[PDB]
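First, one chain by itself in structure tokens, the form deposited in one PDB entry.
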């Protein structure tokens, strides 16, 4: 009765992970700016819908929904259509253009409930939470958001949602995650890197850990192309 996995259908990832992401748990995807974390979290939901008719909920802390949609057009992923069809729900949690300092955790209490009803309403099995770093920066990484983040993770587990959460790190080789996000999103960790090779950049993906199950180890090269992420498990 060891943990089962959900296929991401992201080229090469299901091989590295030996079958996909552990079902009903959160996986942290951490990486410097521009490593492809958001793209990964979108491809996860998009493939869920197209391949499996599994609805997805995308919670956005950094980008607006309109920009999420616009930026995916270059891959030929018609997110607007999936939203119109009710297969994808983009929950806008991104900063107020007229944002001010507010007190409490009522806003993140209401967020978790908003996320829960979205999941219920759209019958979603897949969830992406994009840019945990950003909501941490909204509350100066106070123990208030740390607690709420933990509450969010537990609720998702309680719901049975399979979740990707993305988060920033500052160096290619250094800590797993800025603000130690892996403490709360702790079951599974994937690290994306964008490493200088001479003057060129080489992207790699690593599954550092998946609790309760097996996976390939170390870094595997990938590219981002017109079809999104392509990872090469046998790549040079």
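Whichever C-alpha set is largest while still superposing within 1.5 Å between the two forms counts as the rigid core. Only residues modelled in both forms are compared. Numbering follows the first chain given and starts at 1.
Not pictured, yet referred to below: the form deposited in another entry.
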Requested in this report: Would you indicate which listed residue, out of 192, 185, 57, 42, moves its Cα by 2 Å or more between this form and the one not shown relative to the superposed core?
Outcome: 185
Query raised in the report: Would you say residue 121 moves between this form and the one not shown, meaning its CA shifts by 2 Å or more once the core is fitted?
Result: no
Query raised in the report: Would you say residue 156 moves between this form and the one not shown, meaning its CA shifts by 2 Å or more once the core is fitted?
Result: no
Report task. Return yes or no for residue 91: a CA shift of at least 2 Å between this form and the one not shown, with the rigid core superposed? Result -> no
Report summary line: Evidently the Cα separation of residue 157 and residue 184 changes by 3 Å or more in the other form, so the atoms lie farther
Query - Closer or farther in the other form, the Cα atoms of residue 36 and residue 185, when the shift from this form is 3 Å or more - result: farther
Query raised in the report: Hey, quick one: aligning on the core, which runs of at least three residues have all their CA atoms off by 2 angstroms or more between this form and the one not shown?
Result: 106 to 108, 140 to 151, 183 to 185
